[PDB]
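Below is one structure, written out as structure tokens; comments come after it.
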Amino acid sequence: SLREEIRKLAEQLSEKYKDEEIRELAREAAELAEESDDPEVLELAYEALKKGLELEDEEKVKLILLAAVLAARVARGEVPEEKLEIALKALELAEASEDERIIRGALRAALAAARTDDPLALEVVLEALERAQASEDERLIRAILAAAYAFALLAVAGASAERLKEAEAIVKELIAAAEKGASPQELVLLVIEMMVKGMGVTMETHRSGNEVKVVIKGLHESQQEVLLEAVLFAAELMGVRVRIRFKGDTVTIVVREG
Numbered sequence: 001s002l003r004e005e006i007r008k009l010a011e012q013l014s015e016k017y018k019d020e021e022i023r024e025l026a027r028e029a030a031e032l033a034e035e036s037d038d039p040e041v042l043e044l045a046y047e048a049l050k051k052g053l054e055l056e057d058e059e060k061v062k063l064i065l066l067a068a069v070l071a072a073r074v075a076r077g078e079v080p081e082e083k084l085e086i087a088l089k090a091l092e093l094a095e096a097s098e099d100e101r102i103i104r105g106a107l108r109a110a111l112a113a114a115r116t117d118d119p120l121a122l123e124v125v126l127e128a129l130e131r132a133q134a135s136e137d138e139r140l141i142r143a144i145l146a147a148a149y150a151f152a153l154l155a156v157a158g159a160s161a162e163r164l165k166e167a168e169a170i171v172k173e174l175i176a177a178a179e180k181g182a183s184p185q186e187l188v189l190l191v192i193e194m195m196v197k198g199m200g201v202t203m204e205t206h207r208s209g210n211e212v213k214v215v216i217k218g219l220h221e222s223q224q225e226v227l228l229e230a231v232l233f234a235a236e237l238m239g240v241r242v243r244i245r246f247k248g249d250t251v252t253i254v255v256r257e258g
């Protein structure tokens, strides 16, 4: 009755947490295990659901469950191995950290990557997370996570291969900048640049005192939503305050190192 026991763990995990994402991942893990005649998929699903009940951090719960679901789907040939590799590397970053910015950033990047099938984009995200894990500097890790997530959002939003290649160049610039000691504000600025280039527009940067103000004209509000999601999450990862203003078709982003 192993598969039914796995389902029981999923029901207790679903009673422990009311979160919609944990409940759906738990339901998917239970169902994939119940549909499997593979005793190793049952083994991983059992242990992932058992650790999920032992962990205190609900964001690490999500990471553990996402990796199990992706592993079960790789066992059925349903998803590319790169998505599992990304989830596992993200889990590795999260388990090495007490900083919830890194834990949440690792999950966001893994979930955003799970939403694209572009092989080129998956390899960029995986290489980014691998470079993060090869770091002792949690400051660099947070910068890389912000860049990887921003890049993955552009892929999910359907940016062209040429624009993703341009965004990938900015990912590399951002990582090199962080290694050289760029400020948190400057790293958030680089994420804005990545999104602006990835959406084919231009930006006008003003630096008054210690603030950075970016005026972006010519974005559709659907593009504005994706850009601001990337930038606001980057600001959370970098511990920087951002304030937004909309005037007409123009978005203005104020970045304060705070």
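Here the sequence shown stands for residues 1 to 258, numbered as in PDB author numbering.
Heads up, the beta-carbon is just placed ideally off N, CA and C, and yes, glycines get one too.
Could you name the residues of the same chain whose beta carbon sits closer than 8 Å to that of residue i, not counting the 5 residues immediately before and after it, in chain order?
i	result
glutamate 168	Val124, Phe151
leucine 189	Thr205, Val212, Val214, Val255
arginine 139	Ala178
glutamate 21	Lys62
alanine 75	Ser36, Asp38, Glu40, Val41
Just to confirm, are residue i and residue j a CB contact at a threshold of 9 Å?
i	j	result
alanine 94	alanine 106	yes
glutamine 223	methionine 238	no
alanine 147	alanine 234	yes
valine 79	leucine 32	no
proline 184	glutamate 257	yes
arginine 163	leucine 154	yes
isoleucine 216	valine 196	yes
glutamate 34	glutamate 4	yes
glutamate 85	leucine 25	no
Whose C-beta lies closer than 7 Å to the C-beta of residue i among residues of the same chain, with five residues either side of it excluded?
i	result
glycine 52	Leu13, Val61, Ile64, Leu65
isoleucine 144	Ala128, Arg131, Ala132, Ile175
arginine 101	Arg142, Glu236, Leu237
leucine 44	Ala68, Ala71
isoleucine 170	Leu190, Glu193, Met194, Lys197
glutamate 166	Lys197, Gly198
Is it right to say residue i is buried, meaning 16 or more other beta carbons lie within 10 angstroms of its own, or is it exposed?
i	result
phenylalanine 246	exposed
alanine 134	exposed
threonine 202	exposed
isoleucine 244	exposed
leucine 2	exposed
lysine 83	buried
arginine 104	buried
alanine 161	exposed
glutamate 40	exposed
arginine 108	buried
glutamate 59	buried
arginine 7	buried
Leaving out five residues before and five after residue i in sequence, what residues of the same chain have Cβ atoms less than 6 Å from its Cβ?
i	result
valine 231	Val191, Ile192
Within 9 Å (strictly less), CB to CB, does residue i reach chain B?
i	result
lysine 16	Absent from the structure: chain B. Only one protein chain is present.
Could you say if the segment 76-90 and the segment 48-56 meet the contact criterion of at least three C-beta pairs nearer than 8 Å? No: fewer than three Cβ pairs fall under 8 Å.
Those runs of the alpha helix (DSSP H) which lie wholly inside the segment 118-193 and span at least 4 residues: Runs of the alpha helix (DSSP H) inside the segment 118-193: 119-133, 138-156, 161-180.
For a minimum of 4 consecutive residues, which ranges assigned as the alpha helix (DSSP H) are wholly contained in the segment 194-254? With a minimum length of 4 residues, the continuous alpha helix (DSSP H) runs that stay inside the segment 194-254 are 221-238.
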